[PDB]
């Protein structure tokens, strides 16, 4: 249980932010705001849901809200590092229906509580 430490506002290297509540039971809930240049569904909140087990975290965002539907979703999997300069290091998949078949994009996001 990395509850009090995970809970808060985070920023990745693309300038995207999420705000999350980590319950004692391991529920992750909150909102994600994408600001990655050239992508869809930016600058409005999307629902974040996921699960954590100690330092091990996973959450997903469906890119559909009352503002914009990008017919896609992302899952993040990684580890929380507490203490001075606390970090969430993640691998993500961004999946959607491509022209020929199911698409997957892959990347790494590094999250800090520094704005």
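Positions refer to the first chain, counted from 1.
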Mean C-alpha B-factor higher for 36 to 44, or for 60 to 68?
36 to 44
Entry B factor averaged over C-alpha atoms, 79 to 87 against 50 to 58: higher for 79 to 87
Could you place residue 12 in the lowest, middle or highest third of its chain by Cα temperature factor, using the values in the record?
middle
Residue 19 - which third its CA temperature factor falls in, relative to the rest of the chain
lowest
